[PDB]
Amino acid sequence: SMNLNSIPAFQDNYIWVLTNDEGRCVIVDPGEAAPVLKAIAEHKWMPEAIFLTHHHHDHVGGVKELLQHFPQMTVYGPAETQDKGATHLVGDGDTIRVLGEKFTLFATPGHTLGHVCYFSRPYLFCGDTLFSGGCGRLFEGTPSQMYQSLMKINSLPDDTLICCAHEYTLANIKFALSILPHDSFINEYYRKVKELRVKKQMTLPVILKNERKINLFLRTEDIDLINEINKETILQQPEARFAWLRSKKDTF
């Protein structure tokens, strides 16, 4: 049984921390060490590991210093984080025992080529692959890769807690409303998210069952979304419509 905490970092990052009953924690994508060190001290956590989802600085920046403080830790990460301090390279389909729990790794290329997600039901650490109401910008991968990646995530159980790295939800939903302005779910979510954000409260994590109702990038096969896209371009291939939506989001 694990409990979830978050530590804000930089401007809109969250460093997720999962802790077991023994107070042992895994720290996910620590872009900044200081807030994590402070949190560890506050919670009297005993760090066991860091999970890295991808190589971006806002996810890995704090690794070296955290390792300096807690040399007992293993830093799990994909090959693309090997030079960012990963001490245990993880690949697609790997299972690892952390905090006494089993985490499944799956590759979710798109945002970066080597991006991975960590899943230990219900927790999904999906870094910058999926955001609430959105998905990672495709810095390295193709729309096809991200689409595949999103389908992998979407295949997870309804109760999956989406613990993505960024407070992008409000902007994501504003984008969503530019596509389906009258969508009941998205509008409801916009309302909820606006109130959280105005109160300076985080919008994460979110439950996948709900997330897929409001995330256009998880609604590629939704009739309503298809009908909307059809108003401007006819794209039979889901990857193409996902790509279209992603392109729209790129410039929104």
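Counting begins at 1, following the sequence as shown.
*Asks:* Which has the higher mean CA temperature factor in the PDB entry, 48-56 or 35-43?
*Replies:* Per the PDB record, 35-43.
*Asks:* Out of 217-225 and 65-73, which one has CA B-factors that are higher on average in the deposited record?
*Replies:* Comparing 217-225 with 65-73, the higher mean C-alpha B-factor belongs to 217-225.
*Asks:* Return the residue from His115, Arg97, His166, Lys152 that has the highest Cα B-factor in the entry.
*Replies:* Within the set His115, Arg97, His166, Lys152, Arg97 shows the top C-alpha B-factor.
*Asks:* In terms of the chain's CA B-factor thirds, is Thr160 lowest, middle or highest?
*Replies:* It belongs to the lowest third of the chain when residues are ordered by C-alpha B-factor.
*Asks:* Which third of the chain holds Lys249 when residues are ordered by C-alpha B factor: lowest, middle or highest?
*Replies:* Highest third of the chain for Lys249's C-alpha B-factor.
*Asks:* Please place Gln148 in the lowest, middle or highest third of its chain according to the CA B-factor in the PDB entry.
*Replies:* It falls in the middle third of the chain.
*Asks:* Name the third of the chain's ranked CA B-factors that contains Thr233, choosing lowest, middle or highest.
*Replies:* Highest third of the chain for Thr233's C-alpha B-factor.
*Asks:* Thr19: which third of its chain by C-alpha temperature factor?
*Replies:* Lowest third of the chain for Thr19's C-alpha B-factor.
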